[PDB]
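In: got a structure for you, letters missing:
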Ligand SMILES: *[C@@H]1O[C@H](CO)[C@@H](O[C@@H]2O[C@H](CO)[C@@H](O)[C@H](O)[C@H]2NC(C)=O)[C@H](O)[C@H]1NC(C)=O
Ligand SMILES: *[C@@H]1O[C@H](CO)[C@@H](O[C@@H]2O[C@H](CO)[C@@H](O)[C@H](O)[C@H]2NC(C)=O)[C@H](O)[C@H]1NC(C)=O
Ligand SMILES: *[C@@H]1O[C@H](CO)[C@@H](O[C@@H]2O[C@H](CO)[C@@H](O)[C@H](O)[C@H]2NC(C)=O)[C@H](O)[C@H]1NC(C)=O
Ligand SMILES: *[C@@H]1O[C@H](CO)[C@@H](O)[C@H](O)[C@H]1NC(C)=O
Ligand SMILES: *[C@@H]1O[C@H](CO)[C@@H](O)[C@H](O)[C@H]1NC(C)=O
Ligand SMILES: *[C@@H]1O[C@H](CO)[C@@H](O)[C@H](O)[C@H]1NC(C)=O
Ligand SMILES: *[C@@H]1O[C@H](CO)[C@@H](O)[C@H](O)[C@H]1NC(C)=O
């Protein structure tokens, strides 16, 4: 089967370095696309970051360039997300997302539990 | 928060009448299921009474049919439990109980403190 | 709720000539000054249709003609009512005539023509009865004994509002309403025509095409039907509801359609002024072959005559050879 | 009504506008399976079953073919080959009341998986153990109906969502519900492509001195060639002529 677990997050002072680890078991991370989504109450669903093994390697939003970094490790089958130079508006829940295809043409957007990140200024 | 209180009970003579009141604040009593249990000293737990907002209006134990009634009031948010023709088997602790479902398919039962009823012949 | 009316008399059915009535527009298409030949369901020309009456003959033990029998739908019905007081008030269509199967119900409540598609619980004597309140001359619905309840409605239609008179009138017939009901490709099609007439008896010899009225895309199965009449109860007929009632003088004719080929003439206005039934007689065969209403003097080959086979006979020689089944079946030891 | 008593409506013989629903963007989920979402406006359906109910947020994804869960298995079963669409929208700002909204209830357990489009009229108590409950609760006896904790301060995953499932069924019956039709301003005295009531062609449209009957739509001359047609929205009878052509 497919198991996804998130580690990291919490409450931090602005300007520090934070680590988020999305570990996947049952399948290597090396696939089409691993996405990272940031959700706060009061707004619709919006895509934040993505990493691809084909075509363009990484894609980020225009207002997040130079701020959020992503990487992957096939040796231990994990995705790393590094947060640097945080702003207080980043307090929200983070999810690592993958897409899978079913036998009857269905498509599943597998998410994880998510991690709560709070920035204090 | 959510808090429930049971009022009534005590020491009473045989053949009298009793009227217990279950008052719950933080959530309406008009819900899936409202439960009432009896606990005897050194005896096992057993279902006694239940009221539902769908299907059957009320459900009672087989040993208390015909001499025992229960009603609810959503305006003042209180459940009245009226009983007549007291029997020695009624000397026990009454519990008012609710059940709720979580976000992760987890079910939590809020149990009441209960009230002691003693019958003297 | 359903009440079985009694005191009905048994009379053998009556038959009358349909002449050249029963021509409706076969499509939406406008045609001008042409002769169009089309094959479709029709009433044959000069065919005998069945007759039903609505009358109360006076006298002791007098005959009271009040005919509401159940008749099969077949594959299309022509209903021609000659009326003076609007006795027919709708139709019912179905197969089992119960809540087990869906049914069609058209009723005129003197305000609108309402069509309902429901599993109605049809009575064994469905009808309508309106009590005549002579004290203040008030008209109001009193009894509908057509369905006990409406369950799982599927289609509802309402016509334009109107006001139809219900009190019985005297004099000769003046209203002639012709209707054609067809069930093709899941469509229930109703064509209608209203005509004032100046006659005392029988049906007029004039030719009048029937304009389309409504089409219903329901895709249900219909096998039988029954007409519906509105009766009146008054002090002049003492008794209970089963006997204390009267019916105004009216009549109607029922015929059945079938696949026939017709040649229709469209004038410049697009009105079908004349029609010819191809299979009626050899002269009509000639007219259809020539695609013309006027035939010139001479000889014309119309069709081909061939005697159909009567029976099938299979003849085979005597049975001489069989597989050696006695070795296998009728054996002593295995 | 309750989700286990989802309100079912039969829809036939009308114009169903899905452009406004698609472009409203007020629905969190709009997922049509078995049909092309852009083609609902261009296709007709025999009957529509509208199943309206209220669930919580995380149960929305269970309304899909091949899904497993409480709602899909015990409340509302969808076939693996389901042909229809699901529209789910949040109603937190509309279904928020002091103390929480517990009016809606959902079936928690059932003896067996529900058949597709099956309505339950029996409220039998789930039998967990060997001793049947028989309408009496106790040990190995849990009520199959459970409340919703629609608290105002709860997360979006637990927030109430109103879900309407429109199932498009076609049988050996004519199509009744139809999508909206686009009407374009007519042009005269020009060799143009025309499409009247699905009858397509090319020609030149001009005024006609002919007189249609009130119910007639279009007329064809001999040899089965349409020579006139009544433009709707003006009810104007127009003659039609083939575009001018010849040899060189
Ligand atoms: C069906 O028609 C019959 C007319 O005789 C009525 O009900 C019948 O009544 C007889 C005699 O009482 C009994 O055999 C049954 O009650 C009915 N017959 C059958 C075969 O069931 C009545 O007019 C109609 N029934 C209803 C329910 O309206
Ligand atoms: C209810 O009807 C309205 C009328 O058009 C629909 O339109 C929206 O209504 C809400 C208020 O209910 C407004 O806030 C929106 O601005 C309206 N427009 C859009 C595009 O959403 C509405 O969609 C219908 N349904 C609901 C659930 O309100
Ligand atoms: C079609 O709907 C529109 C509603 O805007 C109407 O069209 C008008 O029809 C009248 C004749 O009934 C014309 O005089 C107008 O020029 C049309 N356009 C307008 C008013 O903008 C009308 O309700 C419908 N058309 C028909 C023929 O019934
Ligand atoms: C109509 O009925 C009469 C008597 O039953 C019969 O003689 C006549 O031929 C019938 N009509 C036709 C067209 O046969
Ligand atoms: C006529 O009399 C009847 C008596 O039953 C009454 O019900 C009805 O309302 C009266 N009509 C009018 C218009 O008053
Ligand atoms: C209509 O509903 C009734 C129950 O009221 C039942 O016959 C069945 O569910 C439906 N009939 C059909 C779909 O033919
Ligand atoms: C047919 O049309 C012509 C001209 O349009 C008209 O003179 C004639 O009266 C019409 N015939 C009718 C209305 O029966």
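Out: Happy to help now that I have it. Numbering: from 1, shown residues only, chains lettered A, B, ... in the order given. Ligands and ions are numbered 1, 2, ... in the order given.

In: Am I right that residue A:54 sits in a helix?
Out: No: looking at residue A:54 with DSSP: H, G, I helix; E, B strand; the rest coil, it is coil, so not inside a helix.

In: residue contacts, the nearest residue to it once chain neighbours are set aside?
Out: Nearest residue to residue A:54 in three dimensions, chain neighbours excluded: residue A:32, at 6.6 Å (CB to CB, 6 or more residues apart in numbering or on different chains). Placement of C-beta: from N, CA and C, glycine included. Taking CB atoms under 8 Å, 6 or more residues apart in numbering or on different chains, we find residue A:32 in contact with A:52, A:53, A:54, A:99.

In: and the closest residue in space to the second one that isn't next to it in sequence, what is it in contact with?
Out: Pointing back at residue A:53 there. Of all residues not flanking residue A:53 in the chain, residue A:30 sits nearest, at 5.4 Å (CB to CB, 6+ apart). Residue A:30 sits next to A:53, A:72, A:74 when contact means CB under 8 Å, 6+ apart.

In: looking at this, residue D:23 is in a helix?
Out: Yes: assessed with three-state DSSP, residue D:23 lies in a helix.

In: Pull the number of nearby residues for whichever residue of chain C sits closest to ligand 7.
Out: Among the residues of chain C, residue C:269 lies closest to ligand 7, at 3.8 Å counting by CB to the nearest ligand atom. Here the count is done by other CB atoms under 10 Å in any protein chain shown, and residue C:269 has 13 residues near it.

In: Just want to check the distance between it and residue D:38.
Out: Distance from residue C:269 to residue D:38, counting by CB to CB, to the nearest Å: 45 Å.

In: Relative to chain C, which of the contacts of residue A:30 is nearest.
Out: residue A:53 (53.4 Å; CB to the nearest CB).

In: if I pick that closest one, what's in contact with it?
Out: By CB under 8 Å, 6+ apart, the contact set of residue A:53 is A:30, A:31, A:32, A:33.

In: what is residue D:107 paired to in the beta sheet?
Out: residue D:145 (DSSP bridges).

In: Isn't it up against residue D:72?
Out: No: with contact defined as CB atoms under 8 Å, residue D:107 does not reach residue D:72; the gap is 11.4 Å.

In: Would you point out which residue is most central in the chain?
Out: As the question left the chain open, I've gone with chain A. Most central in chain A under CA atoms, centre = their mean is residue A:36, positioned 2.6 Å from the mean C-alpha point.

In: Wait, chain C was what I had in mind.
Out: Geometric middle of chain C (CA atoms, centre = their mean) lands on residue C:77, at 3.0 Å.

In: Residue numbers of chain C in contact with ligand 4?
Out: Chain C has residues C:15, C:17, C:46, C:47, C:48 near ligand 4, with proximity defined as CB under 6 Å from any ligand atom.

In: What remains of those if I keep only buried residues?
Out: residue C:47 (16 or more other CB atoms under 10 Å in any protein chain shown).

In: Now for the residues of chain C next to ligand 4: which two are most distant?
Out: For the residues of chain C next to ligand 4, the farthest-apart pair by CB to CB is C:15 and C:46; their separation is 12.5 Å.

In: just the helices in chain D please.
Out: Along chain D, counting by DSSP state H, helices occupy D:19-24, D:70.

In: brain fart, chain A
Out: Under the criterion DSSP H, chain A carries no helices.

In: Any idea which residue of it lies closest to ligand 6?
Out: residue A:104 (27.8 Å).

In: right, and that residue touches residue D:78 too?
Out: No: counting by CB under 8 Å, residue D:78 is not a contact partner of residue A:104; they are 11.8 Å apart.

In: which residues are common contacts for the two?
Out: residue D:65.

In: Report whether stretch D:222-241 contacts chain C.
Out: Yes: between stretch D:222-241 and chain C, judged by CB under 8 Å from any CB of the partner chain, the touching residues are D:222, D:228.

In: Show residues contacting that stretch.
Out: Stretch D:222-241 is contacted from outside by C:30, C:34, D:183, D:186, D:188, D:194, D:196, D:199, D:201, D:203-208, D:210-212, D:216-221, using CB under 8 Å, 6+ apart.

In: anything in it sitting right up against ligand 7?
Out: No: figure legend: stretch D:222-241 not in contact with ligand 7 (CB under 6 Å from any ligand atom); closest approach 11.4 Å.

In: which ones are touching residue 44?
Out: Since you didn't name a chain, this refers to chain A. residue D:28.

In: if you could check chain D rather than the one you did, that'd help
Out: D:175, D:176, D:177, D:178, D:179.

In: Check those and tell me the two furthest apart.
Out: For these, the farthest-apart pair by CB to CB is D:176 and D:179; their separation is 12.0 Å.

In: which residue is nearest the middle of chain D?
Out: The centre of chain D sits closest to residue D:166, judged by CA atoms, centre = their mean, with a distance of 3.3 Å.

In: Does that one touch residue D:47 like I think?
Out: No: applying CB under 8 Å, one finds residue D:166 not in contact with residue D:47, separated by 10.8 Å.

In: and the gap between residue C:106 and ligand 1?
Out: Distance check for residue C:106 against ligand 1: by CB to the nearest ligand atom, to the nearest Å, it reads 21 Å.

In: what does chain D have sitting close to chain B?
Out: So chain D meets chain B at D:2, D:58, D:70, D:99-100, D:102-103, D:105, D:108, D:123, D:135-139, D:141, D:143, D:145-149, D:155, D:157-158 (CB under 8 Å from any CB).

In: Might you name the residue of chain A sitting closest to chain B?
Out: residue A:113 (9.5 Å).

In: What ranges does chain C have for its helices?
Out: Using DSSP H, helices in chain C cover C:282-290, C:325-328.

In: Out of the ones you listed, which gets nearest to ligand 1?
Out: Closest among these, using CB to the nearest ligand atom: helix C:282-290, at 46.3 Å.

In: Now do the contacts for the residue of chain A positioned farthest from its centre.
Out: Computed with CA atoms, centre = their mean, the residue of chain A farthest from its C-alpha average is residue A:104, at 27.8 Å. Counting by CB under 8 Å, 6+ apart, residue A:104 touches D:65, D:66, D:80.

In: What values do phi and psi take at the residue lying closest to the first one once chain neighbours are set aside?
Out: With CB to CB, 6+ apart as the criterion, residue D:65 has its nearest non-adjacent residue at 4.7 Å, and that residue is residue D:80. In terms of degrees, to the nearest 10, the main-chain angles of residue D:80 are phi -60, psi -30.

In: ok, now how distant is residue D:80 from residue D:33?
Out: 10 Å.

In: intersection of neighbour lists for those two?
Out: By CB under 8 Å, 6+ apart, the residues touching both residue D:80 and residue D:33 are residue D:65.
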